[PDB]
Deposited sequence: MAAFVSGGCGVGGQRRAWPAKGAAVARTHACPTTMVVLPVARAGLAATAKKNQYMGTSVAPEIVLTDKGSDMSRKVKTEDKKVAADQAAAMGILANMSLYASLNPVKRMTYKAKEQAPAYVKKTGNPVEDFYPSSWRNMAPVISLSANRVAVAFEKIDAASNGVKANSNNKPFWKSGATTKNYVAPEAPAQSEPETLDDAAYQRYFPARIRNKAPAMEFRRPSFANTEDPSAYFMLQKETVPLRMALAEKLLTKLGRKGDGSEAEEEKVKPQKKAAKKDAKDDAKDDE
């Protein structure tokens, strides 16, 4: 026998200021060039806009002032803000210096009545190769090398020939009188080792 939502709306409407949720404010502009025929006053309701661009200038400049002030640093102890979740990868180079922050440093510039701080990515170089040329953009951008291996007599045997000998290996076909593609022979050359541990073990015996 009661409609509560209808009562809530009617009670709210009967008291609510219509202008409070519209940001409309009266604009005044006056014209005056020193003659009685020039003077004119006009008024007009006009919605006041939020200029987000100029709000950045106040926010940036004051936060520098808030940080250089040392007595507001103790009478206003500001709060810690927890950083946003970014996944860690275990390598400290990407954990502690991510590419969003890497190489930024504060330029300080001091003039008559102006103290300015600017964070800038610091690059420097040797010859014509820059420090951050390792991380050039993609629009500015092969074979594989093999793994390397570990004399009065000289008239008779040169140093390029000494201790050099043939080397050879075999695998006969697996089955009697029958073809086998897994069968092989190999022929090669190599310098014979010193064999000094076997020579010591043989000399001891």
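Residues 1-35, 177-181, 191-199, 255-288 of the deposited sequence, counted from 1, carry no C-alpha coordinates in the model.
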